[PDB]
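Okay, structure first, notes after.
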Amino acid sequence: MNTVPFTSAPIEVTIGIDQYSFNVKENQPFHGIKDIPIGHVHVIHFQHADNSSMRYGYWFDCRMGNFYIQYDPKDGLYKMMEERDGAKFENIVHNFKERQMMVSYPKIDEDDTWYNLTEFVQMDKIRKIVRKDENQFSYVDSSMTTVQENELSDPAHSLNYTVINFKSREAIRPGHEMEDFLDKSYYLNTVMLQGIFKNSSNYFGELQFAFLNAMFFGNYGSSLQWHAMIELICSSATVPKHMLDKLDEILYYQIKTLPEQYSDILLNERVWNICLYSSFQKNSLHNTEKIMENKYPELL
Amino acid sequence: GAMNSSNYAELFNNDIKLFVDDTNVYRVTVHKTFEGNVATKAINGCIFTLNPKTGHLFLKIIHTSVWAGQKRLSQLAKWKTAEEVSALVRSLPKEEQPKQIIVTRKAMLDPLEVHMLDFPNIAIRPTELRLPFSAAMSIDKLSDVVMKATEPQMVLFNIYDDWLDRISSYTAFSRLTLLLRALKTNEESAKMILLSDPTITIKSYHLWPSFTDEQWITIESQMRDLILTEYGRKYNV
Ligand SMILES: CN(CCO)C(=O)Cc1ccccc1
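Protein chains in written order, with the entry's author numbering: chain B, 1 to 152, 170 to 317; chain A, 1833 to 2069.
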């Protein structure tokens, strides 16, 4: 069980760790989060009390280094940093734990929610979407635009999701225009799965990461990417059975976790109605269709 | 964006553009089977592709053989239309290719956009106008060449005959749309008006009769009356 200590908390902030969140008052004696489960990526995220504009945070994996948070009063945010001195770090944490100045990652034993949301998400792939190679952790915020958004403006601060465009030469074989547009299997299976992602695990990892950035940061380009990756599968007549079954599980837990009061903005009516009721896979997403109908029947 | 009343004069500027109407591509007669079920029989159709500035009409005849063994024909018809329009554009020299293609029905947008991916600079546009190009098969010489086709065939006509020697392309388009609107609202009357006078003939190389300028004013008036008349008989006004 790993720890992310905080030097201090000088400004009032709501802190998220994965799907949990807690309030810290200005100058409250808070020194971090302990008992973080090893084996998953995690995200620690921030919304200041005085300017709820800009949610921001850091994707990290405690297996890749010792990370801590320190507020920077010049740039005005909580920054993640890596501590290279292992003995300094262990001693800092041990002191903070001894004074009980840390919150405990509060994982109920029965609960597989975070695993189910990050099953295919891997730090190494996050770091190719979010390019900042000098750090082992990845910063994301509400305003960062995606490469595709930038084609339609600072390249260094972009989300490099895989571009998916259904009316593009990449998606449409010369001479198969109608076929490829109405049945996207060749774009899914040959261009994207075999060609770009190499396997469905990497495809699902990007889809899950896009959803989590949409949900935790209100990142609009991430929401677009999540829906595009769903629609590409649902609009393909030929999908491996194991991918459809896994997709249904992936989406079930995403819809389960989504805050009820954010569904209006985080869920695209056209995509979901098309996917659940018109598409080739309208009959292949039983768990997802059941939770959607019982939890968001208005959207449909 | 969409073509409508506000930007109507753009049709007659010097940027090459084409209207594409797919109404008459997939045509059927509906009939009863021996067992008392209903079935369709396809008849030859056509794509109506028109340069409104010059009167150039590329009439691609759609022979019923293109439907043989195919499913979802009304959907296929849109993609076939898009395939043929794309082939026409590729067949034209670069300096003759359109800068815009305006589709008369919005369901042509995605099929044509996908077939034209190779031409990212050609704008594919809808229109809010209710253009009467479906009535093209009420022009006797066009209907005749479509029904007689035994194979796929492109036939070329200026739909304005020689009118541009005497009038502008705005006025010519307005005459054409008035004639076609009349033929669409009451075909028999419209054709009675056009041929009532034995002395005015259609030249072998033309579609419409050889009216003098003054006769065109009379004709145009009779067509507007017809479109108002029928509008009363329809709405009881
Ligand atoms: C083809 N001819 C005579 C046949 O009507 C033209 O009047 C020019 C033309 C070129 C191309 C398309 C339509 C019209």
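Every residue gets a Cβ at the ideal spot worked out from N, C-alpha and C, and that includes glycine.
Indicate whether at least one CB of chain B lies closer than 7 angstroms to the CB of residue i.
i         : result
A:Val1946 : yes
A:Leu1949 : yes
A:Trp1911 : yes
Straight-line CA distance for residue i to residue j?
i         : j         : result
A:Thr1959 : A:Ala1909 : 20 angstroms
B:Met209  : B:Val24   : 43 angstroms
B:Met309  : B:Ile267  : 13 angstroms
B:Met101  : B:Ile17   : 16 angstroms
A:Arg1922 : A:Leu1949 : 12 angstroms
B:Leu77   : A:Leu1963 : 60 angstroms
B:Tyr139  : B:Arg84   : 19 angstroms
B:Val256  : B:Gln298  : 9 angstroms
B:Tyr203  : B:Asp141  : 34 angstroms
B:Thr179  : A:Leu1891 : 42 angstroms
A:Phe1844 : A:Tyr2002 : 6 angstroms
B:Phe30   : B:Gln278  : 29 angstroms
State the start and end residues of the unbroken alpha helix (DSSP H) segment that holds residue i.
i         : result
B:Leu283  : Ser280 to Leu283
B:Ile267  : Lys258 to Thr274
B:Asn91   : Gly86 to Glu98
B:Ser239  : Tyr237 to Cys251
A:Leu2015 : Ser2001 to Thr2017
B:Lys312  : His303 to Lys312
B:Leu117  : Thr113 to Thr118
A:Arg1922 : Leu1905 to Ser1923
Going by beta carbon distance, what residues of the same chain come within less than 7 angstroms of residue i, once the five residues before and after it are set aside?
i                       : result
B:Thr113                : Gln19, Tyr270 and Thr274
B:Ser280                : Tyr313 and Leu316
A:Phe2043               : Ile2032 and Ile2051
residue 2070 of chain A : Residue 2070 of chain A is absent from the structure shown; chain A starts at 1833 and stops at 2069.
B:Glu306                : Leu293
B:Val288                : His244, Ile247 and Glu248
When we look at the beta-carbon of residue i and count the other beta-carbons within 10 Å, is it buried (16 or more) or exposed?
i                      : result
B:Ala9                 : buried
A:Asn1876              : buried
B:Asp171               : exposed
A:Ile2049              : exposed
A:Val1870              : exposed
B:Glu248               : buried
B:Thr118               : buried
B:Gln211               : exposed
B:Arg63                : exposed
residue 386 of chain B : Outside the shown range of chain B (1 to 317) lies residue 386 of chain B, about which nothing can therefore be said.
B:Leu176               : buried
B:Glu194               : buried
B:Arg55                : buried
B:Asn91                : exposed
Could you pull out every residue in the same chain whose Cβ sits closer than 6 angstroms to the Cβ of residue i, ignoring the five residues on either side in sequence?
i         : result
A:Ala1914 : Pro1943, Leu1944 and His1947
A:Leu1850 : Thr1881, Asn1883, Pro1930 and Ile1933
B:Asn206  : none
A:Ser1918 : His1947 and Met1948
B:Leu302  : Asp265
A:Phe2005 : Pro1884
A:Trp1995 : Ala2004
7 angstroms is my cut-off, CB to CB: does residue i come that close to chain A?
i        : result
B:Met209 : no
B:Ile181 : no
B:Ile92  : no
B:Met195 : yes
B:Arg186 : yes
B:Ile291 : no
B:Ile189 : yes
B:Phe198 : yes
Can you give me the Cβ contacts of residue i inside the same chain, cut-off strictly under 8 angstroms, excluding the 5 residues immediately before and after it?
i         : result
B:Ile44   : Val4, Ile15, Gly16, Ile17, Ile33, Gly57, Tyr58, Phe60, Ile69 and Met80
B:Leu241  : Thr146, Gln148 and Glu149
A:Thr1982 : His1895
A:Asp2045 : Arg1998
B:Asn182  : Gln148 and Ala188
B:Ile213  : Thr179
Taking the beta strand (DSSP E) that residue i falls in, what are its first and last residues?
i         : result
B:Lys25   : Neither: B:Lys25 is in no beta strand (DSSP E) and is coded neither H nor E.
A:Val1852 : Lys1849 to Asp1853
B:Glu83   : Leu77 to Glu83
B:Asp35   : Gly32 to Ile36
A:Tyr2067 : A:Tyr2067 -> not in any beta strand (DSSP E); alpha helix (DSSP H) instead, spanning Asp2045 to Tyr2067.
B:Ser138  : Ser138 to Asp141
A:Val1857 : A:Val1857 -> no beta strand (DSSP E), and no H or E assigned at all.
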